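Letter by letter, the chains look like this.
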Amino acid sequence: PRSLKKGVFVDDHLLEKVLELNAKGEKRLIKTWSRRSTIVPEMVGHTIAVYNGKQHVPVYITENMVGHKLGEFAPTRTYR
Amino acid sequence: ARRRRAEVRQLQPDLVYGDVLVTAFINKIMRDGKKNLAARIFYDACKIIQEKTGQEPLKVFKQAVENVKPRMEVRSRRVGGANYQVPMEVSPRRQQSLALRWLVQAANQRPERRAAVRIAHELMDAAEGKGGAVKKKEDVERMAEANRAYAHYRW
Amino acid sequence: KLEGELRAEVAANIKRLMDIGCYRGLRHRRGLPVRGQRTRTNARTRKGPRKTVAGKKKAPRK
Amino acid sequence: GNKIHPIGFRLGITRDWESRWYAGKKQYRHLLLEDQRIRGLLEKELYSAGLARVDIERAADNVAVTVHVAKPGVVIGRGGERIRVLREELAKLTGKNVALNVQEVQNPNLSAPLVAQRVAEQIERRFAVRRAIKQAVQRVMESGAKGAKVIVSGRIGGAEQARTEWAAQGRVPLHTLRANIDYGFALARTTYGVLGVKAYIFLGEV
Amino acid sequence: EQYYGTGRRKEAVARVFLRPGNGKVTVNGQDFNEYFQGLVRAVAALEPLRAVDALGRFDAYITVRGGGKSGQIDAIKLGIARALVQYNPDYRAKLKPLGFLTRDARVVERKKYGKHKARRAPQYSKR
Amino acid sequence: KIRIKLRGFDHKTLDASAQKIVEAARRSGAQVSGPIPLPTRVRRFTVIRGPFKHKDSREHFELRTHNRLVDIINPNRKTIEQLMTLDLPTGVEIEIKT
Amino acid sequence: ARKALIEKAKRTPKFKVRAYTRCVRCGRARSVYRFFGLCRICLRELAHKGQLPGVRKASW
RNA sequence: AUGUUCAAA
RNA sequence: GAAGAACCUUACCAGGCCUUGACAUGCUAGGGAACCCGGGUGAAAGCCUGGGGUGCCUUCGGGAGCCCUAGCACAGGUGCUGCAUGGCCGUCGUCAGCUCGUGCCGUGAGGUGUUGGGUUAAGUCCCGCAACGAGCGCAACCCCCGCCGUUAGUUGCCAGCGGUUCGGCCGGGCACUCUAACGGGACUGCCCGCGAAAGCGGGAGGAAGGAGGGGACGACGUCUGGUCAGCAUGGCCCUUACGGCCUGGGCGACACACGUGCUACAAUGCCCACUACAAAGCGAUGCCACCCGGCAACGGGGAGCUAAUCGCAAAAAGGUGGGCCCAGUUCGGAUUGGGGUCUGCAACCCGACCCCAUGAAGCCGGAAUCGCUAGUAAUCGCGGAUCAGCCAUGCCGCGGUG
């Protein structure tokens, strides 16, 4: 039951940096500390590497995981 | 109470029978100061004592209290090592406090889903000489008079 | 959308965020609370009965 | 660690405030931070003058400020040249445009703050603490006062173990809410460390 | 012509105006039995009347504001007790021994810090 | 009809103040509505006595603000003469709205 | 309460949610009252001196 | 029933 | 400690970056010096950079506000030591005590006084006594609550009259409630009883008593009590860093153990509707009237307040009527799926709120253990500080029933 309102937020570090790669097709990697950003279609297919707060983990962004927020795919804590 | 001999709070008589003893019983039914619901329950009950019993409720009530007042009770006490349970009389004051308390307690120990009824039926049973209320009362006296050996520790 | 067909959906949902690296899904696997609550104490409704273990006494764990 | 400030305790009676001016909500915090800025410099400057109190009245962009001193001279200056420097250094802090009166202390020997500072200083100069104290109580007790008492913190004489020195004469009822006891505290930076100084003076009663 | 007596209880003020008449009571407009619609205690307020065989001899207009209908019932009871004296000051002799001319000073107790309710102190375990 | 509203911390610095305003204008305008009181608003500051712990130390501090009104109907030049520039207290602050 | 950490006065919040009271005398960020700009301690210290205009000791 | 030793103020 | 942890806070961790180095007063020297708008790179910080773009005073040599650079003061360190300290606080303990001066007793440590008898809440007071007095403490002097009067009436009411859209709305009126300032009131003062006295019991009047009820207030000292992380401060240590900036993470992990709490186990109950009594507070980018769109959170619009005269506000328990019919239930709400509002640059980690669905354990707690002596416990709702928002079921406070 999540909620932002009107204006799906996405930091434009990777945004305007991800679509620039949409011009030449895609690319081979990215890496942003903006785990705060929502995922938009243009991200699909791509492979953004998010920050644990220690590491840059490679996250393949597929359709099924659009609406989510990157960080939700880069675990923070280490347990068991 | 180290100093004075704490006098008893005098209660304003009943708003129907003008009987203080009744207010007392109603206060023992009350909980969270919801004195209305408390007064109601006791009156609804009095009208349940009128139906199922051709007698005046007020007299059934007083009769009850009477059979439920213990006249002897056991009070613990340390006497050379062990704690011998010394048997002794019960003040007129304490008799009431216990009688009323016991009634409400046993009453709320009954099954009938309705509060007002448990009180109604408990009171009656008490009058007849039966019921959880009179049990405790007779249990107390039994307790004393069964320890009537250490009664020379009169207290 | 009621009964079976519904439980089918819900189950279907969970299965999804569970198939994708999604965290919320891992909380289901691991069997721990999902809606970000404390798991150091009070999580019995999600963990089950306490599973007591041996411990460290003198160290005022009061 | 008990007992309240003898002043703050009596503020309702036998002791008025150091800043008596109305204000509120949006101003009060601003109009107060100022007062502290004021007092800040005065104490940093008028030390040798013998500071004792800084009343600060107000009404609107025309502040009061009535520094109380033992040596009103040192304050004023030559012909009144210093009361020019400060009084000006003042507005370079508060455009507010404010006065700067100066009352003299009738016997600095009945000013807890003074007696305190008096002792605080001696201690800094390396005088025998207990002596300085007894002396002080005497001076105070020897020039009026129905009672007095001084207290020095610890590390008396630079001793490795912090102690606490006394001295007192005549009634000094901290409990009586109506005594009129002047309280004064003085610090005392030192080669070996800080040592607080407390002065208590009792006058009349009712 | 008219008689007055205030009356305050547990933080309630009742303006009591007696007036030779039938014996009815207008509490804040509503009838005595209308404001106190269903309160086994109400009957109390007028007790100072029956005290000296009034009621069916007087009449009362009453303004009541503050507290709760229970506190008001006692303020009003005191009002009717006071006013009943400005009328005939001789009523004291019988009206007072009952204590109707007293102002029950029992008020809520301040909620002290450290405690849950002025007294109700927090509980401990293996102290 | 000049409505004056006086507020002060000292209940004397006002009764003195607002009272001057009454005797003054009482010789150049109406007769003044007398200095009417008005409820006081108190600010409580409950603070723990010492630093570090001792949750039950406390000690209360309040900053009570007092108010006064007056009200001078029938404004007549000389009124605004006896008042206009003849005040005295420092712990006071006015607001007027005729 | 390090000079360095009294960048609070810097306005420049980049976003106004990063703003924070701080004591206007000791920097005691932890329990600063608004009406005074002072922290629970200083407020108490000054109330004792009388430097808090019309701030007497409560009691009732 | 049991709960080591040791300095300064 | 925390009366407000998403970044901030923040002191920790990871990674990027800066070194005379977010704040203070200041020095020599070269230089552009107020300031305003963009771009490149970036997670942000930061770094690089384009650039509209200077008037001030002068002995005409040059000097200022402001600001960059290089070197400097030396700055900076919540880095160690609360057994080096100040300050402040907790604590025995609001307990009845702790002492001093002189005198007297004793070789002396010390004693006497402060003990004894009566009494008190009290080392309170009385009587006695080699003791006579005094200081800190008790009380008292200060604050809140208990009755009356004066002053003041835009709070208040047909109290009392005329009108009414019959709302105290209108005129009018200060009587009353009240508002806040001052004055009166209680002192065992009066009466009976005992007592040597203090005082104990009883009674009258009185709103009220025998200190009437609740605060503030903590003696000489104790604990090598607590805090160098609020601040202050001796000593030790660090100065490409044990300093500084930034982004992100952490302070919010879990097989478990404990403390303090919230909610609850149910019909003396739950739900819907109708209807009634409160106090203390807060309100300008702040409280938010009223009107509209939305089931709603909330959005749009917009009055008044700088607010006894408008708003938050509905008090809840309660009374009246209906539904439920003792069941893990119309108890209990956890938990989870979905939709959505709102604050904020931003709510994955990690906000609160709304609506639908979901609807766990729990059927009064073993040994053991805590609070409170009357308007108290118990129970019900209301406000505040902090504060964008909020994890408040906490804290401080208010009144209702009792």
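Residues numbered from 1 in each chain as written, not as in the entry; some residues may be left out. Chains lettered and ligands numbered in written order. Part of a larger assembly, values for the part shown. Heavy atoms only, no water.

1. Considering the overall build of chain D
Right, on to step 1. When helices and strands are counted, chain D shows six helices and seven strands.
Right, on to step 2. The globule rule puts the C-alpha radius of gyration for 206 residues at 17 Å, and the 18 Å found for chain D is close to it.
Right, on to step 3. Each principal axis of the C-alpha distribution contributes one length, and for chain D these read about 50 × 40 × 30 Å.
Right, on to step 4. Put simply, chain D has 206 residues, and 47% of those count as buried.
Right, on to step 5. Pairs at least 24 residues apart make up 59% of the contacts formed inside chain D by residues separated by at least 6 positions.
Right, on to step 6. If you sum the accessible surface of chain D, you get close to 11,100 Å²; carbon and sulfur atoms cover 50% of it. (Helix = DSSP H or I, 4+ residues; strand = E, 2+ residues; numbered from the N terminus. Rg over C-alpha atoms; globule rule 2.2 N^0.38 Å. Buried < 20%, exposed > 50% of the residue type's maximum accessible area, 1.4 Å probe, protein only. Contact = heavy atoms within 4.5 Å. Areas by Shrake-Rupley, 256 points an atom, 1.4 Å probe, with all protein chains shown as cover.)

2. What to know about the protein's contact with RNA strand I
Right, on to step 1. Near RNA strand I you find 210 residues, and of these A:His13, B:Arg3, F:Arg49, F:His54 and G:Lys14 are the closest.
Right, on to step 2. Take the atoms of RNA strand I that sit within 4 Å of the protein: sugar and phosphate atoms are 72% of them.
Right, on to step 3. One of the side-chain nitrogen or oxygen atoms of E:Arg9 is found 2.7 Å away from a base nitrogen of RNA strand I. (Near = heavy atom within 4 Å. Polar contact = N/O pair within 3.5 Å; in protein donor to acceptor, adjacent residues only side chain to side chain.)

3. A closer look at the interface of chain G and chain D
Right, on to step 1. Taken together, the contacts link 17 residues of chain G with 18 residues of chain D.
Right, on to step 2. The interface formed by chain G and chain D includes six residue pairs in polar contact.
Right, on to step 3. For the side of chain G that touches chain D, the secondary-structure elements that each account for two or more residues are α1 (40–49) and β1 (56–58) of chain G.
Right, on to step 4. It is α1(G) that contributes the most residues to the side of chain G that touches chain D, four residues altogether.

4. A few points about the sheet that holds strand β4 (residues 66–68) of chain F
Residue and element names in this part refer to chain F.
Right, on to step 1. A sheet is described by the order of its strands in space; here three strands give the open sequence β4-β1-β5, paired in antiparallel fashion. Looking along the sheet, the strands with just one partner apiece sit at the ends: β4 and β5 (92–97). Averaged over all adjacent pairs, the angle separating strand axes in this sheet is 20°, with direction ignored.
Right, on to step 2. In terms of strand pairing, strand β1 (residues 3–8) meets β4 through three bridges, oriented antiparallel. In the sheet register, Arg7 faces β4, and the bridge partner there is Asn67. (Pairing = 2+ DSSP bridges. Axes fitted to C-alpha atoms, helices over the stretch in contact; angles between N-to-C directions.)

5. Details of helix α2 (residues 35–51) of chain B
Every α-helix carries 3.6 residues per turn, so stepping three or four residues along brings you back to the same face.
Right, on to step 1. Spanning 17 residues, α2(B) covers 25 Å between terminal C-alpha atoms, matching the ideal 24 Å at 1.5 Å per step.
Right, on to step 2. Of the positions making up α2(B), those classed as buried are B:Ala38, B:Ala39, B:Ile41, B:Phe42, B:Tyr43, B:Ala45, B:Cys46, B:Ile48 and B:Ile49. (Expected span 1.5 Å × (residues − 1).)

6. Description of the environment of F:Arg7
Right, on to step 1. Counting through the fold element by element, F:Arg7 comes out in strand β1.
Right, on to step 2. Note: C-alpha distance between F:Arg7 and F:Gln19 (12 residues apart in sequence) is 13 Å.
Right, on to step 3. Residue contacts for F:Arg7: discarding those within four places in its chain leaves D:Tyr22, F:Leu14, F:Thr65, F:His66, F:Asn67, F:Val92 and F:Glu93.
Right, on to step 4. Only 2.9 Å separates the side chain of F:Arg7 from the side chain of F:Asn67, close enough to count as a polar contact.

7. Considering the layout of surface pockets
Right, on to step 1. Roughly 2,000 Å³ of volume is contained in the second largest pocket.
Right, on to step 2. Contributing to the lining of the second largest pocket are 48 residues, with B:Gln12, E:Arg9, E:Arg41, E:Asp74 and E:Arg106 lying nearest its centre.
Right, on to step 3. Mapped onto the lining of the second largest pocket, the elements with two or more residues apiece are α1 (20–29) and α2 of chain B together with α2 (47–51) and α3 (69–87) of chain E.
Right, on to step 4. Examining the composition of the lining of the second largest pocket, we find that seven residues originate from one element, α3(E), more than from any other.
Right, on to step 5. Of the residues belonging to the lining of the second largest pocket, the class tally is 18 nonpolar, 13 polar and 17 charged. (1 Å grid on protein atoms, 1.4 Å probe; cavity = no way out; pocket = protein on both sides within 12 Å on 5 of 7 lines; lining within 4 Å. Points joined across faces, edges and corners; volume = space filled by probe spheres on them. Nonpolar A, V, L, I, M, F, W, Y, C, P; charged D, E, K, R; others polar.)

8. Section: the domain arrangement of chain D
Residue and element names in this part refer to chain D.
Right, on to step 1. According to the domain assignment, chain D contains domain 1 (16–106) and domain 2 (107–206).
Right, on to step 2. One C-alpha centre belongs to domain 1, the other to domain 2, and the line joining them spans 26 Å.
Right, on to step 3. Contact with domain 1, which involves seven residues of that partner, is made by seven residues of domain 2.
Right, on to step 4. Carbon and sulfur atoms supply 55% of the area that domain 1 and domain 2 bury against each other, a total of about 560 Å² over both sides.
Right, on to step 5. When the area that domain 1 buries against domain 2 is broken down by residue, the three leading residues are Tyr47, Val105 and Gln106, summing to 58%.
Right, on to step 6. Where domain 1 meets domain 2, there are zero salt bridges.
Right, on to step 7. If you look at where domain 1 meets domain 2, you find two residue pairs in polar contact.
Right, on to step 8. Grouping the constituent residues of the side of domain 1 that touches domain 2 by class yields five nonpolar, two polar and no charged. (Domains from an automatic or database assignment. Buried area = accessible area lost by both parts, 1.4 Å probe. Salt bridge = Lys/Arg side-chain N within 4 Å of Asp/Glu carboxyl O.)

9. Some points on the pattern of salt bridges
If charged atoms from side chains of opposite charge come close, those side chains can pair.
Right, on to step 1. For the structure shown, the criterion picks out 42 salt bridges over all chains.
Right, on to step 2. In this structure, D:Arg178 and D:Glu205 form a salt bridge, with 3.4 Å as the shortest nitrogen-oxygen distance. In this pair, D:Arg178 sits in the loop between β5 (168–169) and β6 (181–186) while D:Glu205 sits in the segment after β7 (197–202), placing the two residues 27 residues apart along the sequence.
Right, on to step 3. Under the relative-accessibility criterion, D:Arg178 is labelled partly exposed at 34%.
Right, on to step 4. For D:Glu205, a relative accessible area of 25% gives the class partly exposed.
Right, on to step 5. Residue E:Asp74 pairs with E:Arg9 through a salt bridge whose shortest N-O separation is 2.9 Å. Placement of E:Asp74 in helix α3 and of E:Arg9 in the loop between β1 (3–5) and β2 (13–18) is noted, with a sequence separation of 65 residues between them. Of the two residues, E:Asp74 and E:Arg9, neither departs from the other in class, the shared state being buried.

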